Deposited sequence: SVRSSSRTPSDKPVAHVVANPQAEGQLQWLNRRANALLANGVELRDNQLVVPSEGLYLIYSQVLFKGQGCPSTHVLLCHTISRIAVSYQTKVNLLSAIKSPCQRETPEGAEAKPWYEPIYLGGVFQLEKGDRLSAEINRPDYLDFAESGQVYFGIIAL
């Protein structure tokens, strides 16, 4: 298996920040993909499936979630996938994004939310970001 692949997950001990980690069980960062400055770096040109989920939580705002592309050539962030959700017992709100994109070598991808202080990663599998070359 030599396809570029990543499936990174939120650091559960970061406070007020969405920090992606690969060195967890059931996470991946293989075959050229790099995690640099919290972004995923594409090893080769091609079509990639790109996806991410966040979970928000509260008790008693507009919340969005975006995956953006930084082109190696044009050093400016373009949204590839984006969603917005409007929300004392607790409430939860997931958002999922995923699509296929042609990327070039060295592009960086970030999966970002506007209010990291609303994230819930109390349990595994709740907040994640991945790519696979197809």
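No C-alpha positions are given for the deposited-sequence stretches 1-9, 70-74, 102-111.
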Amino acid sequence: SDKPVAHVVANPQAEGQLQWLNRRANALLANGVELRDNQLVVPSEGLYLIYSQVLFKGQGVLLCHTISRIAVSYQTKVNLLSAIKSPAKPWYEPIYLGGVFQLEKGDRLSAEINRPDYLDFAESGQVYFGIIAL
From here on, numbers count along this sequence of modelled residues.
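For the pair 65-73 and 26-34, the mean B factor over Cα atoms is greater in 65-73. Relative to its counterpart among 10-18 and 109-117, 10-18 has the higher mean temperature factor, C-alpha atoms as listed in the PDB entry. Ranking 94, 98, 46, 90 by Cα temperature factor from the entry places 90 first. Per the PDB entry, 42 shows the highest C-alpha temperature factor of the residues 84, 42, 80, 54. Ranked by Cα temperature factor within the chain, residue 133 sits in the middle third according to the deposited record.
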